[PDB]
Each structure stands twice: as C-alpha cells, then as structure tokens.
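Please find the sequence and an experimentally derived structure below.
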Amino acid sequence: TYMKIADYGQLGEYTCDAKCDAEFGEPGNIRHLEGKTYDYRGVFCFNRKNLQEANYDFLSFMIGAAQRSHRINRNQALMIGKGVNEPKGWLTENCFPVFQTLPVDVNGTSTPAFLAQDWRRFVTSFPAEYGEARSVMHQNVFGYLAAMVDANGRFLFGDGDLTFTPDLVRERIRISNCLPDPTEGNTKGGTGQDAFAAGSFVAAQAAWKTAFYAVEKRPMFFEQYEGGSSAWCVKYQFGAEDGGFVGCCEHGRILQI
Amino acid sequence: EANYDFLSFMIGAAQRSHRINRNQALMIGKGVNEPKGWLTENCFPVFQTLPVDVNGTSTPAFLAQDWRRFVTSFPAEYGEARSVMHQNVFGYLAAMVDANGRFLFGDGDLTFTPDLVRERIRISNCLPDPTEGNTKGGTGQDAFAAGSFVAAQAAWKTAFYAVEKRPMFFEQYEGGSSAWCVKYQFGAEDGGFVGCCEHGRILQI
Amino acid sequence: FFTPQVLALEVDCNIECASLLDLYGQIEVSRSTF
Amino acid sequence: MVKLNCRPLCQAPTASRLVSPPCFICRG
Amino acid sequence: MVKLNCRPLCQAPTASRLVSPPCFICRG
Amino acid sequence: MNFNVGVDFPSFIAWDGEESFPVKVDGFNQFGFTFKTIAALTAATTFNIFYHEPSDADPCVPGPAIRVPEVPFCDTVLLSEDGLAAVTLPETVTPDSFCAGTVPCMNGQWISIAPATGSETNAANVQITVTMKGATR
Amino acid sequence: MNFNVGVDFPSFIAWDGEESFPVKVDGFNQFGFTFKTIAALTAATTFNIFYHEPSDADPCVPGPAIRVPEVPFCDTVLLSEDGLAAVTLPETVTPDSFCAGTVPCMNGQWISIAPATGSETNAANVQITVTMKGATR
C-alpha cells in the first residue's frame, strides 16, 4: 500500500483591505491506495522409462523452456495482461492519453496513414515539464518511417546514402518487437486495400521511471513433486510470483489510427 | 491521530497557491484589489493574420512566413525583445511542410530542437494556448481558432514591472484557538503594473 | 485479518506553469505605495 | 454535513484528433 | 495414446508484399 | 485472493431508491456513507438524516425517526436554518461515480436517511448504503 | 470520531429483493458480499453468481452475464453440479444477525447475484450488498 497525493486545493486568494479577518481554503487529498501480487506455476510428468533410456537429455531442455516461457509470458502480461489474476497491462487500461491521426483521403477514400507530420507532431507534443520521456515502437514501423517519400521522389530522411541509420535511442527511440506492430509483418502501410487498419496502436512515448512499476518478490523454484510420482512417472512442480501496476497514466502518450 | 501529516501538506499547498495565483493574476488580473493583468490591459501592440483561402472558402490560417515577418518587424531600436508562446505553437511551427513534402525546419532529423535562448523564444504552458488545447483545434477545417492570442514579444525589462514588499508570513491565530481547536493565518505582499505598452508586439489570428 | 504492508510512496502526477518573472522589471518598495 | 468526497469509476477514451499543419496553399 | 507427428513436405513458399509509404497527399 | 471483507465492514441497504431502512450501529464504532446514481440527474437533491432509539416495546427494534442535529467544525461558513444535520447531492453527477460522506457525531442506535421533500423524484435514481468499522462485541 | 469510510471501503447495492445490479470490481482488488434478512424465510434460499465483460459497444457498460465457476480447495470434498459458483443461505436465519461471503477466484469486470431457480419468492425478502477494499484504479 502507498499514498497518492491527489491535488493541492486553493488556499489563499488576493484579498481586499477592509478585512482584518481572512478566508479558509479547502485542502487536497492523500488518497491511499493498495496493490497485490500474482502467481505463476505449473507441472509436467515424464516417463522414467522414456527418460532414462533415451537418445539424450530432455530435462535441462524443459528447465530452459520453463525459464524462457516465464520471462516471455511475464513481459507480454506486463504489456497487455488484464487485472484479473494478472498484473494490469498499461496498454489496456485506456487511461493513458491515446491519440489518432486523421485519415488522408485518397480521391474519395479517407484512408489510414502514419504521416510523418503526425509522428513529428506527437513526439513534440508532450509537456517537457515532466522531464525527458522515451518512446517505444516496433522495428517494422521504424523502417516504415525510414522509407517515406515526397511528391518528387526523394527520400525524406538521409537523402543520398540509401541507408537511414538514424542513430537511434540517442533520441528517445527504443525499438522492441513485443508491441502489436501495426504493420502486419510489413504489409499494412498499403495506401490501397493494404491500409494500416482502423484504430490500430502505432507507438508509445512515456516517462516510464514513474509511469509504470513492476514488483518482484519470488524467483523461480522447482521441486520434485513427490506424491504424483508412481515409480513409473516423475512429476516436477515449479512456481514464481510477482506483479506490476501503472503509476499514473498521465506521464505517457499512445498512438492509434 | 492522523495517519498522514496535514501540516506540511497545507504549508506546501499554500506556497503553491501563492506562486500560481501570483502568476495567473500578474497575467490576467482584473485590476480590482489585484495587479491588472497585462493580457487584459489591451493597449499592447497587436496584429492579426490573413484570411487564407482554400477551396474558395477562406479559413483563418497561419504560416511560418507570417511568423518570421512578425518576429523581424520589431523596432529594434527599442532593444532586444524576448518572445513568448505556448509549446503547442512551437509544435505547429516545427511541423510545417512545403508543397513538396520537405520540412521547413530541420529537414531530415525527425525533430527540430534549437536552443531557445539565442532564438529569443520562451514557453509558458498556461499562456493561453492558441490551439484549442494541443491539436484538436489546430488548423485546416473544424479547427484553428479565430481572433485568438497566438504569441507575444516585448522588452520585458521595461514593458511590465513587479513590486515585492514582504514574503510569506505564517502564524498561529491566537484569538479563537481554544484548547480544543487551533487555527493558523498567513499572508504576503506583492503587486505589479505595466510600464509602457509600446515596447512589444502581439501576434493574434 | 492479514496485514497489508506499506510501499510505493509519492505518485503525485501534478503539474504547474512556467516562470515568466525574471523577464519583468524587479522593484522592491518598502512602503505600501509608490 | 455533506463533505461529499467522491470519485468515478473507470474513465473513458482520450482520442484527440491529432490534426497537424496542412500543406501551405498560397496566400494569393 | 498416439502423438501423431506429421512433418509436411511441400514447404510451398511465402509472399511478403513489402509495402512502403505512399506519396505525400495533402491533408485536406 | 479477495478476503471475505463482508464479515467486517458489513454493508446494509439504506435507501433503495424509494424506501429507507433503519440500521443499527451499536455493535460498531465507526460508519460512513456510500451514494450512487443510476441515471441522469435533473437538479440538485437533498436528504435529511434521522436516528432511532430502542423502542420501549422491544429493546432491539428502532423507535421513531428523530432528526439529527448538525455539529459544526471549525472554518464553518453556513449552518442549516433549523440546525439539523442534512446532506445534498449536487447536480451533474454522472451515474458512474460513487459518493462518500460521514456525520462525525452519532446519537441513538439506528440511523436512517430520507429524501428531503421536493427533491424526491430524482431520489428514485439514487441509491444509498452504509458500511461500518468496529467490532466492540 | 467515525472516519469517512465511504472512501476507503465503499459499498453498493447488489440485490434489493426485486432485481439485480452489476457492481464494478475491476477498480478494486478485494471484495465480498454481505447478506441481510428483512424477516425469517420459509426454506433454504440459494443464489447464483455471475460476472460480466465490457461490452464491445462500450468498455464501461455491462455485457452478458457469464456464470462464474466454482473453485474448490484443499478441504473441499463437496464438489457440486457443473462446478458453478453458487451460495445458499439456510433456514433458521434471523434479522440483526448477518452473514457474509466472497468468491475465492475473480474473473470479469463486475459481479451480480440472482435468485437461483426455486428461491425467488423467498429471496424477495433478502437484501444483498457488496463491499470492496484495496482500490488501485
């Protein structure tokens, strides 16, 4: 649990002078909040006969599978997981400010487009008083940005070297591939039927050091589940538990169509 | 018995209301028992934009050309005049495009971030944002408001003055504070005025 | 009956204005009028 | 003695039309 | 029971259409 | 892992749109209020608070409905012309926003809320219930 | 000195005796039911529990009523029909002595309670409310 400063109400206005008295302003709030964690476990059974006389080992393969599945599922839940028995994904709460672009008409068809105007406008539309805030998107959409052309035919970025290589990160760009990559593969920017999709998420940009948190308590544990083993089988049990939660969904903005 | 401490919370809230109310009053204060806000002073040199036409349907509009003209049209003999505007205006400007597709500023860098100190421009996010909030009212059609404060520029060292007399004082109101209740009182002493509304231009729609 | 224990602390999420004060002229009058 | 502190349930969309400076047509 | 592994052969190919930003049309 | 948060903090219907219900708080030491709307409001609404004593006929049933007097805090700017406690819900409260309240001075054994006259048509779209805090027995 | 426990453990109307009402729990992380009898019943009264999902039309409007499933645990040896989450208040139940409960496993956005078939006439004289805890939003 933890406190949450809601606001600081108005206390003193600018008074007249025929008042030896004064005026009472209402206070703010402290708005206490709570939160919990979430579990993650499972089992499997092997056949001692198959396990022993086998081509080679299967166990360490299963242990590595456990660790990788745990990591990837944790990440995907942190991204999009619901509040029900899981940490609520910040992308799903729909309380982060999410904007969308107007669909450029194509002689009769208002059509989705991630026009470079919209991107540059978004990245520069963020209160700098919150400090710096990094942006995240898929590699495919980034490469799509690198391939934008004018009415003439020249590139819009790095004209004359056939590679944009924009020196990322150094400006707020952190590329991941867990995001829903509005470019389906690389086949969504199609001005014709291939249009990028009514209301699809494009990118994000937030000050994540205070916009979202992840709590970690329990690492992975693996026990030999005695009681399920029958001298013909073996059953292992595992588990780990942790959680996550949004800080305040006003320190980050989201893109859509 | 409180779980929290209301005292320091109230002190901080009072100082915050002091600062923010002083700025908002110094900007738009309505004269009576408060400094007259130089925005509402309404003697400060102002200039509207031009009814740009599109689809034979004129619409209020605004271009970087008009902005540069407004900047350079200052009577330099007055002295150096700092300019101020909302950040959304800076976004609108850094996102201007030619008839070809090229950015009018910082072409091929995904941004446009000069140091706004030699550029002689400053941002106040509560200076009335010309855009109806960012973007929503921005431009083209069903947007771009009208006869609205776009930006300001002045030799503020002689355009507006602020007078300070006494900082914040706080004390327990002895009268009325029984053994069952307790009450505190506070105050300060500030003010301001306009020097001479002939040292700066205003850009309006 | 279980006891939730304290944590997090100081999500505030509150903003202010800029400071257009240094630009204006500064005057320090001792009395109440000038 | 109302003292009626209150909050809502879940908020609602934030889709602000991200309009942007159009093409410069021509003054004239 | 029966694990029923398959291992298809044909392997018949892919058709990524590698689309890219169209030409800048004026907004409005 | 939601705990059985009903065995403590037990809630009871106070006003189901068209009927009040006296609730006993003797077994507890603290109790608040919870207001909810079900539709769109038209004008502000007002409610009067009543309390009840053990009826002489039965020591475990509420008596009559005595109006609750308002107790002023410090920094008070207005007092009800009758001096009796009362509450009011302001206009423009969308019916997805709970509301909380509490009288700091209790008296009697049963509490009740009633829609103040003239402001009872909108009360149909209003629901009120109350939780408690103490054990004390 | 009763704290305003409206905020910090609010509550809502779940079953007035005439119809159910969806009560949102997603904004919270703990919740429970409080039952109350307006009088003595005639026989054991059983209730079905339902949860919903945000309608595709709007993410803040109740959708269909999905039947929450029963979840047993270590000492549960009375697994009932089709493992559905349903409760039953027995007979020999009086006013001024409440009962409480809650579902161990959560799913959905808001919960609702309905008179299971056969208890409707008797359930017409029971009041069900829900209390929350740990709101995070």
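Perfect, thanks for sending it. Numbering: from 1, shown residues only, chains lettered A, B, ... in the order given.

middle-most residue in the chain, spatially?
You didn't say which chain, so I picked chain A. residue A:79 (4.3 Å; C-alpha atoms, centre = their mean).

Now for that residue: which residues touch it?
A:89-91, A:178-179 (C-beta atoms under 8 Å, 6 or more residues apart in numbering or on different chains). Quick note: C-beta positions are derived from backbone N, CA and C, even for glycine.

can you pick the most crowded of those?
Within the contacts of residue A:79, most neighbours by other C-beta atoms under 10 Å in any protein chain shown means residue A:90, with 25 neighbours.

so that one, which of the three states?
Following DSSP: H, G, I helix; E, B strand; the rest coil, the label given to residue A:90 is coil.

check contacts around it.
Residue A:90 touches A:79, A:96, A:211-212, A:246, A:249, A:252, counting by C-beta under 8 Å, 6+ apart.

OK, contacts around whichever residue of chain C sits closest to chain E?
Residue nearest to chain E within chain C (C-beta to the nearest C-beta): residue C:15, separated by 30.5 Å. Residues in contact with residue C:15 (C-beta under 8 Å, 6+ apart) are A:127, A:129-130, B:125.

again, only this time at 7 Å
A:127, A:129 (C-beta atoms under 7 Å, 6 or more residues apart in numbering or on different chains).

tell me which element it is part of?
Using DSSP states H and E, residue C:15 maps to neither a helix nor a strand.

Quick one: neighbours of residue A:83, just the number.
Neighbours of residue A:83 (other C-beta under 10 Å): 20.

Just to check, it is in contact with residue G:27?
No - counting by C-beta atoms under 7 Å, residue A:83 does not reach residue G:27; the two are 8.9 Å apart.

And the strands in the chain, which stretches?
Answering for chain A, as no chain was given. Assigned by DSSP state E, the strands in chain A fall at A:38-47, A:98-100, A:104-105, A:110-111, A:134-138, A:173-176, A:204-206, A:212-224, A:233-246, A:252-256.

Correction: the question concerned chain D.
Going by DSSP E, chain D shows strands at D:6-8.

Up against chain B, what does it have?
Residues of chain D lying close to chain B (C-beta under 7 Å from any C-beta of the partner chain) are D:16-25, D:27.

Buried subset of those residues as a ChimeraX selection?
Entered in ChimeraX, the line below selects the buried ones among those, by 16 or more other C-beta atoms under 10 Å in any protein chain shown:
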select /D:16,18,19,20,21,22,23,24,25
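
Tell me which residues touch residue 9, please.
Assuming you mean chain A. Contact analysis of residue A:9 by C-beta under 7 Å, 6+ apart lists A:25-28, B:13.

I was after chain D.
Contacts of residue D:9 by C-beta under 7 Å, 6+ apart are F:96-97, G:24, G:27.

Report the buried residues of stretch F:122-137.
F:122-123, F:125-133.

Is any residue of that stretch near chain G?
Yes - on the criterion C-beta under 7 Å from any C-beta, stretch F:122-137 is in touch with chain G at F:127, F:129, F:131, F:133.

Which other helices and strands does the strand or helix carrying the second one contact?
Spelled out, that is residue F:129. Using DSSP H and E, residue F:129 sits within strand F:126-130. If contacts are counted by 3 or more C-beta pairs under 7 Å, 6 or more residues apart in numbering or on different chains; DSSP states H and E, strand F:126-130 sits against strand F:12-16, strand F:34-37, strand G:11-15.

Tabulate these (JSON lines), appending distance to chain C and mean neighbour count.
Listed next are the helices and strands packed on strand F:126-130 as JSON lines, based on distance: least, C-beta to the nearest C-beta, whole Å; neighbours: other C-beta atoms under 10 Å in any protein chain shown:
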{"stretch": "strand F:12-16", "distance to chain C": "22", "mean neighbour count": "22"}
{"stretch": "strand F:34-37", "distance to chain C": "21", "mean neighbour count": "24"}
{"stretch": "strand G:11-15", "distance to chain C": "19", "mean neighbour count": "25"}
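
Report the contact partners of residue F:25.
F:31, F:106, F:111, F:132.

quick revisit: mind putting the strands of chain A into TSV with distance to chain B and mean neighbour count?
Converted to TSV, the strands of chain A look like this (distance: least, C-beta to the nearest C-beta, whole Å; neighbours: other C-beta under 10 Å):
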stretch	distance to chain B	mean neighbour count
strand A:38-47	27	14
strand A:98-100	7	21
strand A:104-105	12	17
strand A:110-111	13	14
strand A:134-138	11	19
strand A:173-176	8	15
strand A:204-206	13	22
strand A:212-224	21	13
strand A:233-246	21	18
strand A:252-256	10	23
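
So for chain E, which of those sits nearest?
Across the strands of chain A, closest to chain E is strand A:104-105 (C-beta to the nearest C-beta), at 5.4 Å.

who's in contact with that closest one?
So strand A:104-105 is contacted by A:111, A:113, A:115, E:25, E:27 (C-beta under 7 Å, 6+ apart).

ok, of the buried residues of stretch F:122-137, which one's closest to residue C:33?
Checking the buried residues of stretch F:122-137 against residue C:33 by C-beta to C-beta gives residue F:122 as the nearest, at 54.1 Å.

Residue 26: neighbouring residues, count only.
In the absence of a named chain, chain A is used. By other C-beta under 10 Å, the residues close to residue A:26 number 9.

That was the other one, I meant chain D.
Residue crowding around residue D:26 was assessed by other C-beta under 10 Å; the count is 8.

same question, residue A:192
Applying other C-beta under 10 Å, we find 10 residues neighbouring residue A:192.

how about the strands of chain F, start to end?
With strands called from DSSP E, chain F shows them at F:12-16, F:23-24, F:34-37, F:45-52, F:66-67, F:86-89, F:97-100, F:110-115, F:126-130.

So which elements touch the third one?
Judged by 3+ C-beta pairs under 7 Å, 6+ apart, the packing partners of strand F:34-37 are strand F:97-100, strand F:126-130, strand G:11-15.

try 6 Å
On a contact count with 3 or more C-beta pairs under 6 Å, 6 or more residues apart in numbering or on different chains; DSSP states H and E, strand F:34-37 meets strand F:126-130.

orientation of the strand it packs on relative to strand G:30-37 in degrees?
Here strand F:126-130 runs at an angle of 90 degrees relative to strand G:30-37 (axes from the mean of the first three to the mean of the last three C-alpha atoms, to 10 degrees).

Distance-wise, check the closest residue to chain C within chain D relative to chain A.
Per C-beta to the nearest C-beta, residue D:11 is where chain D lies closest to chain C, at 13.6 Å. For residue D:11, the distance to chain A (C-beta to the nearest C-beta, to the nearest Å) stands at 5 Å.

Against chain B, how distant is that residue?
Distance from residue D:11 to chain B, by C-beta to the nearest C-beta: 17 Å.

same question, residue F:119
33 Å.

Also residue F:16?
As judged by C-beta to the nearest C-beta, residue F:16 and chain B stand 34 Å apart.

Near chain A, which residues of chain F are found?
With the criterion set to C-beta under 6 Å from any C-beta of the partner chain, chain F comes near chain A through residue F:75.

closest point of the stretch 51-200 of chain A to chain C, which residue?
Closest point on the stretch 51-200 of chain A to chain C, by C-beta to the nearest C-beta, is residue A:129, at 6.0 Å.

what's the closest non-adjacent residue to residue A:6?
Computed as C-beta to C-beta, 6 or more residues apart in numbering or on different chains, the closest residue to residue A:6 that is not its neighbour in sequence is residue A:29, at 3.6 Å.

what's around the one you found, how many residues?
If we define neighbours as other C-beta under 10 Å, then residue A:29 has 17 of them.

Kindly report the same for residue F:3.
16.
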